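Chemist: My questions will all concern the structure given below.
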Amino acid sequence: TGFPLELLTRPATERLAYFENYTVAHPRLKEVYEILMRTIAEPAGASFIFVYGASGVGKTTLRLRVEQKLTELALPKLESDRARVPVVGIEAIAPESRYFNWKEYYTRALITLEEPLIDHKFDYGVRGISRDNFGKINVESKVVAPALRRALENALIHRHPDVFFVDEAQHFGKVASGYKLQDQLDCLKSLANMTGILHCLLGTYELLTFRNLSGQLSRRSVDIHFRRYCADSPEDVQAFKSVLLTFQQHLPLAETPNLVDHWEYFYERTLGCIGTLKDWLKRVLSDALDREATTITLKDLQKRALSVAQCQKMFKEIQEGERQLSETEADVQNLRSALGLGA
Amino acid sequence: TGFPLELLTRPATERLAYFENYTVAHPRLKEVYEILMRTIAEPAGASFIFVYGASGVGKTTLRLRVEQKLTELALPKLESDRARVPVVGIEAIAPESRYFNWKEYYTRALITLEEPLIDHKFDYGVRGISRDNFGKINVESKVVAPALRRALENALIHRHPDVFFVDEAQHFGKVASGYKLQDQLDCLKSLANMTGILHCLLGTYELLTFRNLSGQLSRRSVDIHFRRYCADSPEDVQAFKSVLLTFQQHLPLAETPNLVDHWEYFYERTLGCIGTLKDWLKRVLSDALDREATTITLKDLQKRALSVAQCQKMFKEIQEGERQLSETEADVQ
Amino acid sequence: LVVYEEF
DNA sequence: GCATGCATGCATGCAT
DNA sequence: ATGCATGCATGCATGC
Ligand SMILES: Nc1ncnc2c1ncn2[C@@H]1O[C@H](COP(=O)(O)OP(=O)(O)NP(=O)(O)O)[C@@H](O)[C@H]1O
Ligand SMILES: Nc1ncnc2c1ncn2[C@@H]1O[C@H](COP(=O)(O)OP(=O)(O)NP(=O)(O)O)[C@@H](O)[C@H]1O
Ligand SMILES: [Mg+2]
Ligand SMILES: [Mg+2]
């Protein structure tokens, strides 16, 4: 429908903020969001949710959107059930660490449920972890891992969140030379099992090593593929054109170029990823606002486009990931013959 | 205009002191000074200012001049509010143990920020840390590190210094464990964010590895390369010759020695560093005054010049630092 | 060869 | 065997 | 007479 004309009366910061807050609900995003929401609505004896998408596809934005949706849905019940907390999302390693430190993960998870009215709980069962009636929850550095793990388990059971979110979970594979991938997944499964809280794992195609390592984790896991748009499928091309036209209409500038016709160039420099294209357009708009120009030129797009080498590397990475995730009827027949009564 | 001619009748001590006080504003120093002041005037969201350079270029002199000029600027605003502290600066302490001691650094930062008008913030939430029976602050030994860090944060936010200077910040790199190196800088960053005070770090090329452990550090900080004068480009050679001419004209001696023609030897020993050149010339002038000589000969320069091995090691270190700073980030913007 | 004012 | 720094608990001196 | 605050002794926790 186009951005409102009142934005042009505002300086560059407000226009860029409006463009950043603007979101497009493309059909693939809508389908994946619906699937994930329905999966959260009924875990059905599953402790893991594996959502893997390429870089700049919209996994994080999907996480915030779904978190806000569960918060809004639970609020009417949360008026009377004030003790409950519907969602909680943390990163695996917030400040980069060459290694994943379990203890750091549990400390972050436990501190990421704080509320100003901490009277709901009164206790975690472990010394050195209670706060002095403050919104800031303090964890003593000398507390051993199993005890504060017990505290986190008790907090998760009492608070009863609907789903635990682990964004950018590709960092779980950054083991401190232990090479204990199955042990790490077993620890996470045990946590989910004694806590009864559904765990959602979000990350790139790197975590496919986490996918089917063991049968127990295979049954406990639910696989969701955040598919990108590919130029092979005509409907994907049409959706990409629709996203391009919507972003062209909603970017706050006096005039906009016919960037829809350049869809081949955009797909080449974005690999059909909504998040990457949005970041590219945000960079272009930031450059234009720095220039305070009223138009976008082809050179504006080409200045802050993705490098050729980066596109080549990510294309191969994504194609390999999709081939790994690809399924064929041949596999179904092989499995049926292995079980028996093949046809 | 040169040195005052009246100083020739003054004793040698006065002439030596005058030469020591005299400073040269060579173009690289002026550029670095202006860049540092403009960065101080507007934080631009950067909590750190890194100014690294070869040893003996004048980082300490730059810091001192910045502190003096900032005090001069802040005096009219200090007239109204006496509680505000314009600038706090303190050299980093090289620890005798492998691990850096943050407790001693915090205590010394509190001592540096000491204000004679103690009545403004006489209580930081401390256990007797405030001064008693003497002007200096008496830090209680048994005070734990987190509490004293909280007291330091309270004092910093109460005084709100314009900029915080940490001289010789390369001592921060001194840590017991290799993987533990990542923690000191983020602790200092968290302290800066909690206080909101602009921190500036000065040091040699040793901190370059400590500088760029991640791209976030580059994003959240401003880099200032105190470049030396390189004989490769004729412009730096001309600047070095002009600096030598100025030192020649300002050196308190009866006859001005022709130091310009020996510029190759000076670059051989000073390696394009103005501070080392000033130290060498001060030593030579001291010997000249003690001998009560009238001119400077090449033997005088050779007697007090740095050894060839010292120069080789210094050149190797500075060349390695320059090559490591030649790192490039060619990627999508 | 330009004389430099004191810093 | 030990060193060395830090935290805690108890004893005691002082002030109200 | 008693409560509070600080100084000292000892354990401890890690390192050598
Ligand atoms: N639906 C959307 N509408 C508009 N902008 C979007 C949308 N999804 C993503 N973006 C933009 O793309 C950015 C990155 O999206 P994000 O959700 O981090 O993608 P990702 O595939 O999870 N990337 P990674 O950090 O590699 O996992 C966002 O911060 C937005 O600027
Ligand atoms: N540009 C200059 N003009 C005049 N004198 C200078 C200049 N730079 C340095 N000096 C003098 O030389 C001395 C030594 O220089 P200094 O500023 O200590 O070097 P530095 O590079 O900071 N040394 P360090 O940081 O310990 O490796 C100063 O204290 C001044 O006395
Ligand atoms: Mg993401
Ligand atoms: Mg110095």
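All residue names refer to the structure tokens as shown: chains lettered A, B, ... in order, residues numbered from 1 in each chain, ligands numbered from 1 in order.
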At a cut-off of 8 Å and counting only C-alpha atoms (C1' of nucleotides) and all ligand atoms, what residues surround ligand 1? Please answer as a ChimeraX atom specification.

Modeler: /A:20-26,29,53-63,167-168,202-204,273-279,282

Chemist: Which of region 143-332 of chain A end up as strand (DSSP E) when DSSP is run on this backbone - answer as a PyMOL selection string?

Modeler: chain A and resi 163-167+199-203+221-225

Chemist: Restricted to N, CA and C atoms, what would the selected residues look like written as a compact mmCIF listing (two decimals), in the first residue's frame?

Modeler:
# COMPACT_ATOMS: atom_id res chain seq x y z
N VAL A 163 7.50 -22.78 26.22
CA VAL A 163 8.57 -23.27 25.36
C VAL A 163 9.86 -22.52 25.66
N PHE A 164 10.97 -23.24 25.71
CA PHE A 164 12.29 -22.65 25.88
C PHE A 164 12.94 -22.50 24.51
N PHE A 165 13.35 -21.28 24.18
CA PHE A 165 13.94 -20.96 22.89
C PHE A 165 15.45 -20.85 23.03
N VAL A 166 16.17 -21.50 22.12
CA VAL A 166 17.63 -21.44 22.07
C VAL A 166 17.98 -20.95 20.67
N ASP A 167 18.16 -19.64 20.53
CA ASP A 167 18.46 -19.06 19.23
C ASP A 167 19.94 -19.17 18.92
N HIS A 199 11.79 -27.69 24.29
CA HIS A 199 12.98 -26.94 23.89
C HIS A 199 13.00 -26.80 22.38
N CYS A 200 13.19 -25.57 21.90
CA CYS A 200 13.27 -25.28 20.48
C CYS A 200 14.69 -24.86 20.14
N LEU A 201 15.29 -25.53 19.16
CA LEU A 201 16.66 -25.26 18.75
C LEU A 201 16.64 -24.52 17.42
N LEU A 202 17.21 -23.32 17.41
CA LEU A 202 17.25 -22.47 16.22
C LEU A 202 18.70 -22.26 15.79
N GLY A 203 18.95 -22.43 14.50
CA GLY A 203 20.30 -22.25 14.01
C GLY A 203 20.37 -22.44 12.51
N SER A 221 13.00 -35.46 18.78
CA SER A 221 13.14 -34.24 18.00
C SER A 221 12.05 -34.13 16.93
N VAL A 222 11.64 -32.89 16.67
CA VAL A 222 10.72 -32.58 15.58
C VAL A 222 11.44 -31.65 14.62
N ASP A 223 11.47 -32.02 13.34
CA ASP A 223 12.26 -31.33 12.34
C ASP A 223 11.37 -30.37 11.54
N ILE A 224 11.77 -29.10 11.51
CA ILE A 224 11.11 -28.08 10.71
C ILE A 224 12.17 -27.42 9.84
N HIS A 225 11.94 -27.40 8.54
CA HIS A 225 12.88 -26.83 7.58
C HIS A 225 12.38 -25.46 7.15

Chemist: Leaving out residue 5 (chain C) and any residue of its chain fewer than 4 positions from it, which residues lie within 12 Å of it when counting only C-alpha atoms (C1' of nucleotides), given as number ranges by chain?

Modeler: B: 1-3, 22-27, 29-30, 243, 246-247, 250

Chemist: For the residues in the current selection, export N, CA, C and O atoms as a CSV table (one decimal), in the first residue's frame.

Modeler:
chain,number,residue,atom,x,y,z
B,1,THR,N,62.3,31.0,16.0
B,1,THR,CA,63.0,32.1,16.7
B,1,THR,C,64.2,31.6,17.5
B,1,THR,O,65.1,32.3,17.9
B,2,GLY,N,64.1,30.3,17.8
B,2,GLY,CA,65.2,29.6,18.6
B,2,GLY,C,65.1,29.9,20.0
B,2,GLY,O,64.2,30.6,20.5
B,3,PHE,N,66.0,29.3,20.8
B,3,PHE,CA,66.0,29.5,22.2
B,3,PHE,C,66.5,30.9,22.6
B,3,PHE,O,67.2,31.6,21.9
B,22,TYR,N,60.9,22.3,26.6
B,22,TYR,CA,60.6,22.7,25.2
B,22,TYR,C,60.0,21.5,24.5
B,22,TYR,O,60.6,20.3,24.6
B,23,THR,N,59.0,21.7,23.7
B,23,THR,CA,58.3,20.6,23.0
B,23,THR,C,58.2,21.0,21.5
B,23,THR,O,58.2,22.2,21.2
B,24,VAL,N,58.0,20.1,20.7
B,24,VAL,CA,57.9,20.3,19.2
B,24,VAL,C,56.6,19.7,18.8
B,24,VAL,O,56.2,18.5,19.1
B,25,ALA,N,55.8,20.5,18.1
B,25,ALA,CA,54.5,20.1,17.5
B,25,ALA,C,54.6,19.6,16.1
B,25,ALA,O,54.2,20.3,15.1
B,26,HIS,N,55.3,18.5,15.8
B,26,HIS,CA,55.4,18.0,14.5
B,26,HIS,C,54.1,17.5,13.9
B,26,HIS,O,53.2,17.2,14.7
B,27,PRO,N,53.9,17.5,12.6
B,27,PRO,CA,52.6,17.4,12.0
B,27,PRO,C,51.9,16.1,12.4
B,27,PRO,O,50.7,16.1,12.6
B,29,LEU,N,52.2,14.5,15.3
B,29,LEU,CA,51.7,14.8,16.7
B,29,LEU,C,50.5,15.7,16.6
B,29,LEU,O,49.5,15.5,17.4
B,30,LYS,N,50.5,16.7,15.8
B,30,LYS,CA,49.4,17.6,15.7
B,30,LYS,C,48.1,16.9,15.2
B,30,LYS,O,47.0,17.1,15.7
B,243,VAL,N,62.3,18.8,12.0
B,243,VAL,CA,62.3,18.6,13.4
B,243,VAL,C,63.8,18.7,14.0
B,243,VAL,O,64.0,19.3,15.0
B,246,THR,N,64.7,22.3,14.0
B,246,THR,CA,64.1,23.0,15.2
B,246,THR,C,64.8,22.7,16.4
B,246,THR,O,65.1,23.6,17.3
B,247,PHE,N,65.2,21.5,16.7
B,247,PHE,CA,66.0,21.1,17.8
B,247,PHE,C,67.3,21.8,17.8
B,247,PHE,O,67.9,22.2,18.8
B,250,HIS,N,66.8,25.4,18.8
B,250,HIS,CA,66.3,25.5,20.2
B,250,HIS,C,67.2,25.0,21.2
B,250,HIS,O,66.9,25.1,22.4

Chemist: Let me see if you get this right: every residue at most 8 Å from ligand 4, counting only C-alpha atoms (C1' of nucleotides) and all ligand atoms, written as a ChimeraX atom specification.

Modeler: /B:55-61,167-168,203

Chemist: With a distance cut-off of 12 Å and only C-alpha atoms (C1' of nucleotides), select the neighbouring residues of residue 6 (chain E), excluding the residue or stretch itself and same-chain residues fewer than 5 positions from it, and output the selection as a list in words.

Modeler: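 Selected residues are residues 127, 128, 140 and 142 of chain B; 10, 11, 12, 13 and 14 of chain D.
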
Chemist: Could you write those residues out with N, CA, C and O atoms (P, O5', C5', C4', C3', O3' and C1' of nucleotides), as a PDB file, in the first residue's frame?

Modeler:
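The resulting selection36.pdb:
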ATOM      1  N   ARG B 127      33.871   0.674  53.530  1.00  0.00           N
ATOM      2  CA  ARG B 127      34.070   0.138  54.871  1.00  0.00           C
ATOM      3  C   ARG B 127      35.227   0.860  55.551  1.00  0.00           C
ATOM      4  O   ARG B 127      36.085   0.224  56.170  1.00  0.00           O
ATOM      5  N   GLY B 128      35.258   2.185  55.435  1.00  0.00           N
ATOM      6  CA  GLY B 128      36.378   2.952  55.941  1.00  0.00           C
ATOM      7  C   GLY B 128      37.427   3.284  54.909  1.00  0.00           C
ATOM      8  O   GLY B 128      38.533   3.696  55.274  1.00  0.00           O
ATOM      9  N   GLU B 140      40.983  -0.014  52.631  1.00  0.00           N
ATOM     10  CA  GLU B 140      40.974  -1.170  53.517  1.00  0.00           C
ATOM     11  C   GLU B 140      41.363  -2.424  52.745  1.00  0.00           C
ATOM     12  O   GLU B 140      40.862  -2.670  51.642  1.00  0.00           O
ATOM     13  N   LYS B 142      40.876  -5.663  53.467  1.00  0.00           N
ATOM     14  CA  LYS B 142      39.917  -6.761  53.457  1.00  0.00           C
ATOM     15  C   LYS B 142      38.686  -6.482  52.605  1.00  0.00           C
ATOM     16  O   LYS B 142      37.825  -7.361  52.491  1.00  0.00           O
TER      17      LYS B 142
ATOM     18  P    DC D  10      31.476 -18.286  65.595  1.00  0.00           P
ATOM     19  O5'  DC D  10      32.429 -17.835  66.794  1.00  0.00           O
ATOM     20  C5'  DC D  10      33.771 -18.294  66.830  1.00  0.00           C
ATOM     21  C4'  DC D  10      34.681 -17.254  67.454  1.00  0.00           C
ATOM     22  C3'  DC D  10      34.108 -16.553  68.687  1.00  0.00           C
ATOM     23  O3'  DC D  10      35.116 -16.437  69.672  1.00  0.00           O
ATOM     24  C1'  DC D  10      34.803 -14.956  67.123  1.00  0.00           C
ATOM     25  P    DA D  11      34.732 -16.413  71.231  1.00  0.00           P
ATOM     26  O5'  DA D  11      35.749 -15.343  71.841  1.00  0.00           O
ATOM     27  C5'  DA D  11      37.105 -15.339  71.415  1.00  0.00           C
ATOM     28  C4'  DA D  11      37.689 -13.940  71.489  1.00  0.00           C
ATOM     29  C3'  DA D  11      37.267 -13.134  72.712  1.00  0.00           C
ATOM     30  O3'  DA D  11      38.376 -12.421  73.221  1.00  0.00           O
ATOM     31  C1'  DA D  11      36.674 -11.962  70.740  1.00  0.00           C
ATOM     32  P    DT D  12      38.390 -11.927  74.748  1.00  0.00           P
ATOM     33  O5'  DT D  12      38.585 -10.348  74.621  1.00  0.00           O
ATOM     34  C5'  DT D  12      39.359  -9.820  73.553  1.00  0.00           C
ATOM     35  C4'  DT D  12      38.933  -8.402  73.231  1.00  0.00           C
ATOM     36  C3'  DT D  12      38.407  -7.600  74.426  1.00  0.00           C
ATOM     37  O3'  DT D  12      38.845  -6.259  74.320  1.00  0.00           O
ATOM     38  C1'  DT D  12      36.825  -7.572  72.728  1.00  0.00           C
ATOM     39  P    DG D  13      39.594  -5.541  75.544  1.00  0.00           P
ATOM     40  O5'  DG D  13      39.640  -4.008  75.097  1.00  0.00           O
ATOM     41  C5'  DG D  13      39.988  -3.674  73.758  1.00  0.00           C
ATOM     42  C4'  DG D  13      39.088  -2.574  73.218  1.00  0.00           C
ATOM     43  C3'  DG D  13      38.597  -1.566  74.253  1.00  0.00           C
ATOM     44  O3'  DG D  13      38.584  -0.273  73.676  1.00  0.00           O
ATOM     45  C1'  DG D  13      36.745  -2.561  73.193  1.00  0.00           C
ATOM     46  P    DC D  14      38.553   1.038  74.603  1.00  0.00           P
ATOM     47  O5'  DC D  14      37.362   1.899  73.977  1.00  0.00           O
ATOM     48  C5'  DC D  14      37.208   1.963  72.564  1.00  0.00           C
ATOM     49  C4'  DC D  14      35.774   2.290  72.184  1.00  0.00           C
ATOM     50  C3'  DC D  14      35.069   3.281  73.108  1.00  0.00           C
ATOM     51  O3'  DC D  14      34.250   4.139  72.337  1.00  0.00           O
ATOM     52  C1'  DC D  14      33.815   1.308  72.994  1.00  0.00           C
TER      53       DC D  14
END

Chemist: I'd like the neighbourhood of residue 14 (chain E) as a compact mmCIF listing (two decimals) with N, CA and C atoms (P, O5', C5', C4', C3', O3' and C1' of nucleotides), in the first residue's frame, where a residue qualifies if any of its atoms comes within 12 Å (using only C-alpha atoms (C1' of nucleotides)), though same-chain residues fewer than 5 positions away should be ignored.

Modeler:
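Once written, around_7.txt looks like this:
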# COMPACT_ATOMS: atom_id res chain seq x y z
P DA D 3 56.64 -21.76 53.72
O5' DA D 3 56.67 -21.06 52.28
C5' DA D 3 55.77 -21.49 51.27
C4' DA D 3 55.44 -20.36 50.31
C3' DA D 3 55.05 -19.06 50.98
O3' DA D 3 55.19 -17.99 50.05
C1' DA D 3 53.12 -20.16 50.14
P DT D 4 55.02 -16.45 50.51
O5' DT D 4 54.03 -15.84 49.42
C5' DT D 4 53.24 -16.72 48.62
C4' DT D 4 51.85 -16.14 48.40
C3' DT D 4 51.48 -14.98 49.32
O3' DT D 4 50.63 -14.08 48.62
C1' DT D 4 49.98 -16.75 49.66
P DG D 5 50.56 -12.54 49.06
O5' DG D 5 49.04 -12.14 48.73
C5' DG D 5 48.47 -12.51 47.48
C4' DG D 5 47.07 -13.07 47.67
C3' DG D 5 46.11 -12.16 48.44
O3' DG D 5 44.99 -11.86 47.63
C1' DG D 5 46.03 -14.40 49.27
P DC D 6 43.94 -10.73 48.08
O5' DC D 6 42.70 -11.57 48.62
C5' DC D 6 42.17 -12.63 47.83
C4' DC D 6 41.12 -13.40 48.60
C3' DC D 6 40.13 -12.54 49.39
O3' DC D 6 38.82 -13.04 49.21
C1' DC D 6 41.11 -14.14 50.81

Chemist: Have a look at CA of residue 141 (chain A) and CA of residue 184 (chain B) and let me know their distance in Å, one decimal.

Modeler: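 About the pair CA of residue 141 (chain A) and CA of residue 184 (chain B): they are 16.1 Å apart.
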
Chemist: Write out as an MDAnalysis selection string the residues lying within 12 Å of residue 8 (chain D), counting only C-alpha atoms (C1' of nucleotides) and excluding same-chain residues fewer than 4 positions away.

Modeler: (chainID B and resid 142) or (chainID E and resid 8:12)

Chemist: Convert the current residue selection to file output with C-alpha atoms (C1' of nucleotides), as a compact mmCIF listing (two decimals), in the first residue's frame.

Modeler:
# COMPACT_ATOMS: atom_id res chain seq x y z
CA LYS B 142 39.92 -6.76 53.46
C1' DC E 8 42.79 -10.72 64.57
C1' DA E 9 43.17 -15.70 64.13
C1' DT E 10 42.25 -19.56 61.49
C1' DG E 11 40.51 -22.27 57.77
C1' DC E 12 40.51 -22.79 52.94

Chemist: With only C-alpha atoms and all ligand atoms as the basis for distance, which of B:216, B:307, B:204, B:209 is at the shortest distance from ligand 2?

Modeler: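 Checking each candidate against ligand 2, we get B:204 as the closest.
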